[PDB]
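Student: Here you go, one structure.
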Amino acid sequence: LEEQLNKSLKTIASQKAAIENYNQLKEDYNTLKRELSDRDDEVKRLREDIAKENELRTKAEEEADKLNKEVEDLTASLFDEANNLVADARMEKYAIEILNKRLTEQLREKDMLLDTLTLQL
Amino acid sequence: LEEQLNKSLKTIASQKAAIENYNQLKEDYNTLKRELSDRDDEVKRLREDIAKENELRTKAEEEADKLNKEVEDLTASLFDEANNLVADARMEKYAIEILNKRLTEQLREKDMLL
């Protein structure tokens, strides 16, 4: 009987630390069950703010391109007209520089004709 | 030994179930600790992209204004040559205009005295 007092006792303990440990493990299990419900929701959030980026970054990339190929055009168009502005600019500066120089090359054919139209009179 | 054949089988039955608990639990623990370490990766990867991805939006946004000013300068510089031109290209019109006035009236002044 006295040797029956420690047999059951040694088993009472096996049972004791039997739970004591299970909890000593489910407490640490739950110590993860949450930390994983964090990377689980941290991922979701980041994961979303990335399609939140790409989407609003493809509107800016395709619009700032459109509105930058519109400027590329107006620059070749401004450069263009700015040449025609030069074509006529120079062109018209001849006919009037030659004209001004045509009455001159024309004065030598009438300046000599006054020293002689006075040779008769 | 039917008495000793029962309790012993029940004592053992609960021993198994006792262990079984810890084993299918530790088993479910090593699992959580794994994923929690497979998401640390899936989050260190995300925060690794928003880094190079935002460091790439950087240059693509800097050499973007480094452009409009080498275009703005170009544009408005073209526009001054075009205005300084038409502007003073007109000064030489009325200037060479009066020169052609004395010449057209002096050739007629060369017809009154001739």
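All residue names refer to the structure tokens as shown: chains lettered A, B, ... in order, residues numbered from 1 in each chain, ligands numbered from 1 in order.
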DSSP on the backbone, then: every residue of chain A marked alpha helix (DSSP H), written as a PyMOL selection string.
Tutor: chain A and resi 7-33+36-49+51-99
Student: Show me which bits of chain B are within 8 Å of chain A, counting only C-alpha atoms, as a PyMOL selection string.
Tutor: chain B and resi 18+21-22+25-26+29+32-33+35-36+39-40+42-43+46+50+75+78-79+82+86+89+93+96+99-100+103-104+107+114
Student: Create the file for the chosen residues now, containing C-alpha atoms and written as a PDB file, in the first residue's frame.
Tutor:
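Below you can see result.pdb, which holds the result:
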```
ATOM      1  CA  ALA B  18      -2.051  12.330 -24.118  1.00  0.00           C
ATOM      2  CA  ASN B  21      -1.876  15.824 -28.466  1.00  0.00           C
ATOM      3  CA  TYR B  22       1.653  17.182 -28.081  1.00  0.00           C
ATOM      4  CA  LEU B  25       0.487  20.098 -31.852  1.00  0.00           C
ATOM      5  CA  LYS B  26       4.281  20.524 -31.934  1.00  0.00           C
ATOM      6  CA  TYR B  29       3.879  24.553 -34.340  1.00  0.00           C
ATOM      7  CA  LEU B  32       3.490  28.117 -37.978  1.00  0.00           C
ATOM      8  CA  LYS B  33       7.076  29.025 -37.202  1.00  0.00           C
ATOM      9  CA  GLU B  35       5.215  30.194 -42.595  1.00  0.00           C
ATOM     10  CA  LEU B  36       5.896  33.036 -40.207  1.00  0.00           C
ATOM     11  CA  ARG B  39       6.178  35.641 -44.888  1.00  0.00           C
ATOM     12  CA  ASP B  40       9.162  37.448 -43.443  1.00  0.00           C
ATOM     13  CA  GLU B  42       7.506  37.705 -48.800  1.00  0.00           C
ATOM     14  CA  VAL B  43       7.645  41.019 -46.914  1.00  0.00           C
ATOM     15  CA  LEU B  46       8.153  43.536 -51.135  1.00  0.00           C
ATOM     16  CA  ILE B  50       9.405  49.415 -53.399  1.00  0.00           C
ATOM     17  CA  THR B  75      12.101  76.995 -77.406  1.00  0.00           C
ATOM     18  CA  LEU B  78      14.345  80.229 -80.880  1.00  0.00           C
ATOM     19  CA  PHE B  79      11.493  82.692 -80.240  1.00  0.00           C
ATOM     20  CA  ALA B  82      12.514  85.202 -84.442  1.00  0.00           C
ATOM     21  CA  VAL B  86      11.257  90.543 -87.511  1.00  0.00           C
ATOM     22  CA  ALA B  89      14.430  93.420 -89.954  1.00  0.00           C
ATOM     23  CA  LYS B  93      13.140  98.224 -94.301  1.00  0.00           C
ATOM     24  CA  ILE B  96      16.596 101.289 -96.913  1.00  0.00           C
ATOM     25  CA  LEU B  99      17.251 105.545 -99.393  1.00  0.00           C
ATOM     26  CA  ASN B 100      15.077 104.297-102.254  1.00  0.00           C
ATOM     27  CA  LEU B 103      16.839 107.656-105.442  1.00  0.00           C
ATOM     28  CA  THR B 104      13.393 107.466-107.103  1.00  0.00           C
ATOM     29  CA  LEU B 107      15.932 110.370-110.931  1.00  0.00           C
ATOM     30  CA  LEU B 114      17.059 117.624-117.823  1.00  0.00           C
TER      31      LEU B 114
END
```
Student: Please report the interatomic distance between atom CA of residue 3 of chain B and atom CA of residue 8 of chain A in Å with one decimal.
Tutor: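 Between atom CA of residue 3 of chain B and atom CA of residue 8 of chain A the gap works out to 17.0 Å.
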Student: Could you tell me how far atom CA of residue 59 of chain B lies from atom CA of residue 66 of chain A, in Å and to one decimal?
Tutor: 19.7 Å
Student: Between atom CA of residue 23 of chain B and atom CA of residue 6 of chain B, what distance in Å does the model show, to one decimal?
Tutor: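 Here the two named atoms are 25.5 Å from each other.
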